[PDB]
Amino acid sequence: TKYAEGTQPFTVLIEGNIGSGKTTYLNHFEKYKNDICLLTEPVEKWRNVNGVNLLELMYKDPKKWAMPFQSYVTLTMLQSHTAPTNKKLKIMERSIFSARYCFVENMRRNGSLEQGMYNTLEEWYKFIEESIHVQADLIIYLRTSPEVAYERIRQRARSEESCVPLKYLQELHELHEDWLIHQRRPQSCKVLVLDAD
């Protein structure tokens, strides 16, 4: 009997690459703030962890900050997933699943996470499934190509993000495909694919 079990409404998770328009898309729902639980834009927490910019330090030196940053991404997703609400509907930007299946996986391959770091995150993931309820009814995948995503990113112009390589966005693209289209990851609930170009 997990933390947050039986407390959660029908839940939609908004997924897609960096710069796929996830926040923008959710913003359309803002006038319904009173009817829907909207948990958007988690980057803002990662940019300010009691005054520390974890997003910034992760980009500057990944072999040091990959793991603490991912640890914190996991915490914040867990806090949104299990956040309490009386509303009939919850919609979330991102989920614990993209952190696990896309980012963590990619940083393992790209070597930002050493084997030991990776195993830690993975045992934590096993324990979270066993102990904490993650409500998941529908994923909406804002599908984009890596070039489009790249362009949206540099226009938005986050100082932290100014050195993000297109290659990286292609690595991430693939993983979102493997997970959300080619059904290559263990997890499965309903997926709705939208084109966003």
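Only the largest set of C-alpha atoms that superpose within 1.5 Å between the two forms is called the rigid core. Numbers for residues come from their place in the sequence shown, where the first is 1.
- Stretch comparison, 167 to 175 versus 41 to 49: after rigid core superposition, larger RMS CA deviation in 7 other deposited structures of this protein is found for 41 to 49.
- Stretch comparison, 51 to 59 versus 136 to 144: after rigid core superposition, larger RMS CA deviation in 7 other deposited structures of this protein is found for 51 to 59.
- Residue-level annotation: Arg185 lacks coordinates in a third or more of the other entries compared, counting only those that model residues on either side of it.
- Between the stretches 108 to 116 and 77 to 85, it is 108 to 116 that shows the larger average CA temperature factor.
- As the entry records it, the average C-alpha temperature factor is higher for 134 to 142, out of 134 to 142 and 66 to 74.
- Residue-level temperature factors show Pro186 in the highest third of its chain, judged at the C-alpha atom.
- Among the modelled residues of the chain, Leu39 sits in the middle third by CA temperature factor in this PDB entry.
- In this PDB entry, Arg47 carries a Cα temperature factor that places it within the lowest third of its chain's modelled residues.
- When the CA B factors of the chain's modelled residues are split into thirds, the value for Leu180 lands in the highest one.
- In this PDB entry, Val164 carries a Cα temperature factor that places it within the highest third of its chain's modelled residues.
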